[PDB]
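Asker: File entry36.cif below, mmCIF, C-alpha atoms:
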```
data_work
loop_
_atom_site.group_PDB
_atom_site.id
_atom_site.type_symbol
_atom_site.label_atom_id
_atom_site.label_comp_id
_atom_site.auth_asym_id
_atom_site.auth_seq_id
_atom_site.Cartn_x
_atom_site.Cartn_y
_atom_site.Cartn_z
ATOM 1 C CA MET H 1 -40.309 -18.518 -8.386
ATOM 2 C CA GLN H 2 -37.771 -17.497 -5.723
ATOM 3 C CA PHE H 3 -36.244 -14.107 -6.318
ATOM 4 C CA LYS H 4 -33.387 -12.671 -4.287
ATOM 5 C CA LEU H 5 -32.345 -9.242 -3.199
ATOM 6 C CA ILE H 6 -28.736 -8.458 -2.320
ATOM 7 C CA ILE H 7 -28.542 -5.420 0.018
ATOM 8 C CA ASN H 8 -25.342 -3.548 0.010
ATOM 9 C CA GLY H 9 -26.469 -0.659 2.347
ATOM 10 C CA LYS H 10 -24.829 1.814 4.682
ATOM 11 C CA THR H 11 -26.328 0.150 7.804
ATOM 12 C CA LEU H 12 -27.948 -3.121 6.579
ATOM 13 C CA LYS H 13 -26.332 -5.700 4.370
ATOM 14 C CA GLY H 14 -27.472 -9.123 3.405
ATOM 15 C CA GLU H 15 -29.795 -11.095 1.192
ATOM 16 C CA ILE H 16 -33.481 -11.739 1.240
ATOM 17 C CA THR H 17 -35.671 -14.058 -0.766
ATOM 18 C CA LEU H 18 -39.337 -14.039 -1.659
ATOM 19 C CA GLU H 19 -41.771 -15.715 -4.058
ATOM 20 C CA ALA H 20 -43.117 -13.893 -7.097
ATOM 21 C CA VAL H 21 -44.528 -14.848 -10.479
ATOM 22 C CA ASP H 22 -42.149 -12.741 -12.493
ATOM 23 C CA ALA H 23 -39.364 -10.201 -12.240
ATOM 24 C CA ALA H 24 -41.573 -7.162 -12.417
ATOM 25 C CA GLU H 25 -43.599 -8.367 -9.471
ATOM 26 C CA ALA H 26 -40.437 -9.233 -7.510
ATOM 27 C CA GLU H 27 -39.073 -5.729 -8.202
ATOM 28 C CA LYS H 28 -42.190 -4.175 -6.770
ATOM 29 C CA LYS H 29 -41.992 -6.276 -3.633
ATOM 30 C CA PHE H 30 -38.312 -5.551 -3.118
ATOM 31 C CA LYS H 31 -38.749 -1.863 -3.647
ATOM 32 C CA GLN H 32 -41.591 -1.914 -1.094
ATOM 33 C CA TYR H 33 -39.225 -3.783 1.262
ATOM 34 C CA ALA H 34 -36.547 -1.204 0.705
ATOM 35 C CA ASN H 35 -38.967 1.589 1.574
ATOM 36 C CA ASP H 36 -39.938 -0.227 4.828
ATOM 37 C CA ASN H 37 -36.254 -0.225 5.786
ATOM 38 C CA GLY H 38 -35.262 3.216 4.612
ATOM 39 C CA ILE H 39 -32.916 1.803 1.971
ATOM 40 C CA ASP H 40 -32.292 4.139 -1.015
ATOM 41 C CA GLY H 41 -29.764 3.198 -3.695
ATOM 42 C CA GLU H 42 -29.022 2.025 -7.208
ATOM 43 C CA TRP H 43 -30.847 -1.066 -8.446
ATOM 44 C CA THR H 44 -29.671 -3.815 -10.811
ATOM 45 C CA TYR H 45 -31.299 -7.086 -11.805
ATOM 46 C CA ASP H 46 -29.638 -10.287 -13.097
ATOM 47 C CA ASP H 47 -32.218 -12.320 -14.948
ATOM 48 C CA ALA H 48 -30.143 -15.466 -15.049
ATOM 49 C CA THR H 49 -29.889 -15.736 -11.240
ATOM 50 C CA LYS H 50 -33.273 -14.065 -10.528
ATOM 51 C CA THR H 51 -31.287 -11.616 -8.286
ATOM 52 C CA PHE H 52 -31.663 -7.908 -7.638
ATOM 53 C CA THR H 53 -28.995 -5.767 -5.994
ATOM 54 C CA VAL H 54 -29.588 -2.475 -4.219
ATOM 55 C CA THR H 55 -26.368 -0.551 -3.490
ATOM 56 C CA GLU H 56 -26.511 2.480 -1.216
#
```
The structure in this file should be written as structure tokens.
Answerer:
Amino acid sequence: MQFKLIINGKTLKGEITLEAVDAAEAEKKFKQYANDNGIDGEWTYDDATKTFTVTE
């Protein structure tokens, strides 16, 4: 399924999408992405829209 990440960071903002089987797997991938970009913040997840938000 397509999952989305909304980035509300200090330097980067935007939205990225990737494919995952379920929300737990998408969370892992997005947290790995965040590490690759030096993004550290508070995470929320909206199951209806399959959308995470990370807010720095």
Asker: Where does the PyMOL selection byres ((chain H and resi 5) around 8) land in this file, that is, which residues does it pick, as an NGL selection string?
Answerer: :H and (3-4 or 6-7 or 15-17 or 30 or 51-54)
Asker: Selection in question (the file shown): the PyMOL selection byres ((chain H and resi 24) around 12). Which residues does it include, as a ChimeraX atom specification?
Answerer: /H:3,19-23,25-31,45,47,50-52
Asker: Which of these residues is nearest to residue 44 in chain H, using all atoms listed in the file: H:12, H:18, H:56, H:1?
Answerer: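 Of H:12, H:18, H:56, H:1, the one nearest residue 44 in chain H, counting all atoms listed in the file, is H:56.
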Asker: Taking the file above as input, evaluate the PyMOL selection byres ((chain H and resi 42) around 6) and report the hits as a VMD selection string.
Answerer: chain H and resid 41 43 54 to 55
